[PDB]
Ligand SMILES: *[C@@H]1O[C@H](CO)[C@@H](O[C@@H]2O[C@H](CO)[C@@H](O[C@@H]3O[C@H](CO)[C@@H](O)[C@H](O)[C@@H]3O)[C@H](O)[C@H]2NC(C)=O)[C@H](O)[C@H]1NC(C)=O
Ligand SMILES: *[C@@H]1O[C@H](CO)[C@@H](O[C@@H]2O[C@H](CO)[C@@H](O[C@@H]3O[C@H](CO)[C@@H](O)[C@H](O)[C@@H]3O)[C@H](O)[C@H]2NC(C)=O)[C@H](O)[C@H]1NC(C)=O
Ligand SMILES: *[C@@H]1O[C@H](CO)[C@@H](O[C@@H]2O[C@H](CO)[C@@H](O)[C@H](O)[C@H]2NC(C)=O)[C@H](O)[C@H]1NC(C)=O
Ligand SMILES: *[C@@H]1O[C@H](CO)[C@@H](O[C@@H]2O[C@H](CO)[C@@H](O)[C@H](O)[C@H]2NC(C)=O)[C@H](O)[C@H]1NC(C)=O
Ligand SMILES: *[C@@H]1O[C@H](CO)[C@@H](O)[C@H](O)[C@H]1NC(C)=O
């Protein structure tokens with residue numbers, strides 16, 4: 001709701017084994033669940049009615065139902081389901097690179113022609 | 001009476017549909033279509049007061065009520081493509097026969113306050129025009 | 001036994017759903033296609049990779065080279081002018097390609113099943129018809145609910161020119177056979193047609209049993225002296 | 001080029017409308033020109049007539065062997081073996097044919113125009129459809145009233161085969177656009193399909209207006225002093 005835009009935002013994953021539970025994966029005050037170090041981020045764009053959260057580096061373990069929380073007076077809780085299908089990523093970078101102790105670096109990142117306008 | 005096809009509020013028309021699947025002759029069944037029209041007996045032709053006589057001719061084109069003039073999203077292979085939905089969606093312009101409970105309708109009238117005239121604004125539907 | 005060089009456009013499938021508008025410059029009928037070079041008038045990704053000399057009618061050689069590039073300049077209206085530097089002759093031959101002009105946009109219609117198929121209660125036929133379009137390329141797919149049906153379940157014909165009421169326009173057709181049980185239950189079907197003259201490149205029509213020609217019609221006219229508001 | 005001998009079957013367009021079904025056993029690929037002539041296996045009352053040759057890729061030859069003896073012994077069940085002999089490798093080639101069995105009938109549907117076209121006062125469009133027949137030979141005509149329309153006012157596609165389980169079947173379409181003044185007058189139109197497995201060799205289907213007109217229409221006028229509508 002737009003009239004409580006100064007709130008705190010959460011991102012919890014449905015466990016669903018004993019009774020149902022949301023372990024908190026990330027928040028707005030800068031705390032990450034340590035298993036998700038490097039592949040989770042909550043962002044504030046576009047604002048004014050919405051916000052985004054980005055989950056990459058997908059394996060087939062991540063197929064689950066996800067919930068979003070805020071500490072506002074009114075509580076909309078919305079459910080998103082992530083599936084996993086067959087294919088390969090559009091962007092391309094190598095495997096996790098190394099670097100020298102004290103010398104320059106360069107890392108490419110491809111993108112196909114659908115992403116040329118962007 | 002169970003699934004709604006259109007509910008149009010500029011002309012106040014509503015069209016529903018239902019399959020009346022009976023038991024005798026278990027191979028044939030009918031399809032019913034209900035149309036409801038509410039006719040306003042005291043509105044003007046343009047919705048602004050002094051213009052024209054009260055409207056006396058009401059015309060409903062069912063090919064225009066039923067159309068969908070807006071894009072939509074389709075997933076073809078592994079993609080999200082934006083499609084249109086009709087062959088007739090070029091140019092609001094449609095004349096409205098009734099009001100609509102969720103929209104203001106205001107007018108402009110000149111009056112006198114000693115010297116100059118003014119540009120008084122006037123509510124035509126007073127329930128919908130509070131500034132909130 | 002004779003040279004003749006042609007230029008083929010990009011396709012429609014890879015340029016609408018994607019944008020990877022590769023080109024191809026190839027002639028067939030040479031004499032000594034072993035060492036040769038090719039010309040393309042601009043070049044950015046200059047790795048125009050060679051290929052094997054696939055034989056043709058009565059066994060003469062054929063060149064093979066692909067020009068890359070994608071669908072922003074072909075949409076903007078550029079030009080490409082590939083010609084040859086053959087090992088078999090003395091003065092080359094020229095051909096060019098551009099985006100097509102004076103384009104009309106199609107009209108899509110979906111036709112419900114015929115009446116006598118609904119009595120026999122095995123399988124019914126849908127018919128998608130697309131009409132009046134000046135370039136000769138088109139795409140036709142099918143959807144059930146929101147799921148794309150795979151391509152082996154429907155039959156689509158080719159594109160041919162209709163009788164000429166002044167200017168040359170074309171036509172295409174397609175059919176799909178589904179089960180009578182789930183047409184009577186209430187599933188919905190769609191035919192999605194994509195041609196480049198359309199403004200958003202695609203258009204869709206959806207049809208189900210409830211939104212069709214009825215057998216019963218009830219009409220109610222209510223005269224309201226109270227108000228003119230329509231709640 | 002390369003030598004090959006094949007042969008044809010008589011065309012349906014004058015097998016059902018006449019009795020001049022000329023067969024053909026033509027060979028193609030000959031180092032020298034025509035010096036060959038033929039021999040047919042039955043004794044059908046005439047012998048073959050040979051025509052002047054034609055040109056092909058780089059110098060290949062082809063002549064024809066027409067057997068005009070069609071007093072219909074073909075659907076009677078004969079076999080009609082051909083035999084040619086050329087100044088080439090000394091093997092006089094052979095060729096078979098049979099008029100096959102395992103046939104099926106087609107099922108013909110004639111569809112009414114879509115609604116958007118009707119509400120626009122221009123040309124309206126009609127659709128014929130035939131499907132399910134076992135050999136891929138068929139004819140499609142049209143009729144307005146009783147006069148047959150000339151064959152350059154309608155478009156018809158090829159005959160392709162439809163995906164199913166095992167038993168191979170084929171399909172074919174055709175369209176025809178008439179003026180809306182002709183439709184709303186009350187003139188009828190007909191599709192007509194010729195096929196070999198039909199018992200009387202043809203099938204009609206006729207459409208006009210009043211086709212799917214509804215059976216019931218209720219009109220109720222609720223005057224004020226009685227208004228009670230619901231949300
Ligand atoms: C139905 O009646 C209304 C009321 O007149 C018509 O709307 C308005 O018509 C006037 C005609 O003088 C237009 O005048 C404009 O006024 C504005 C003031 O905001 C001024 O900035 C302009 O330069 C011009 O003088 C006005 O465009 C128009 N629309 C509004 C106020 O929204 C209406 O056209 C009538 N409908 C029909 C179908 O006749
Ligand atoms: C239509 O033409 C085809 C060939 O173009 C004919 O089919 C062939 O017929 C021959 C003899 O009738 C078959 O040869 C067989 O060889 C075996 C040896 O394994 C032998 O044991 C048999 O007694 C017989 O001689 C051959 O299999 C067959 N098929 C081919 C070549 O694919 C056919 O006869 C012609 N139609 C008519 C009506 O004659
Ligand atoms: C990407 O490769 C690097 C290379 O190891 C991994 O990053 C860390 O590497 C150090 C030293 O090799 C280890 O001590 C850490 O345990 C690694 N981090 C983690 C989270 O395991 C990194 O794991 C690789 N990326 C992924 C997604 O596995
Ligand atoms: C493309 O090659 C053709 C060769 O067939 C060139 O031909 C001319 O095309 C223009 C149309 O753009 C005509 O107005 C001329 O009359 C054509 N010339 C002749 C002799 O017929 C053409 O020059 C090439 N395209 C460009 C852009 O130069
Ligand atoms: C937020 O969205 C509403 C919706 O119309 C808009 O009126 C408002 O101006 C927007 N606020 C900002 C800061 O963009």
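If you go along the chain as it appears here, the first residue is 1 and each next one adds 1.
According to its header, the structure was obtained by electron microscopy, 3.0 Å.
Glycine too: its Cβ is placed from the backbone N, Cα and C atoms.
Record features, source Swiss-Prot:
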type: DISULFID; residues: D:1-D:58; note: disulfide bond
type: DOMAIN; residues: D:3-98; note: domain 'Ig-like 2'
type: CARBOHYD; residues: D:22; note: N-linked glycosylation site
type: DISULFID; residues: D:25-D:82; note: disulfide bond
type: CARBOHYD; residues: D:96; note: N-linked glycosylation site
type: DOMAIN; residues: D:106-208; note: domain 'Ig-like 3'
type: DISULFID; residues: D:128-D:191; note: disulfide bond
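Each of the glycosylation sites D:22, D:96 was scored by other CB atoms within 10 A of its CB, and the lowest score goes to D:96. For residue D:1 (disulfide bond), applying a Cβ distance below 8 Å and a minimum sequence separation of six or more within one chain yields D:29, D:56, D:57, D:58, D:60.
Minimal Cβ crowding within 10 Å, among the disulfide-bonded residues D:25, D:58, D:128, D:191, is found at D:58. The shortest Cα-Cα distance between residue D:22 (N-linked glycosylation site) and any of the recorded positions D:82, D:96, D:128, D:191 is the one to D:82. Residue D:191 (disulfide bond) carries a strand DSSP state (E or B). Within 10 Å of the C-beta of residue D:82 (disulfide bond) there are 24 other C-beta atoms, taking all protein chains into account. Here the CA atom of residue D:191 (disulfide bond) lies 38 Å from the CA atom of residue D:82 (disulfide bond). Only D:96, of the recorded positions D:1, D:22, D:96, D:128, D:191, place a Cβ under 6 Å from an atom of ligand 2. Residue D:96 (N-linked glycosylation site) sits 10 Å from residue D:25 (disulfide bond), taking the C-alpha atoms as the reference points. Residue D:25 (disulfide bond) sits 35 Å from residue D:128 (disulfide bond), counting Cα to Cα.
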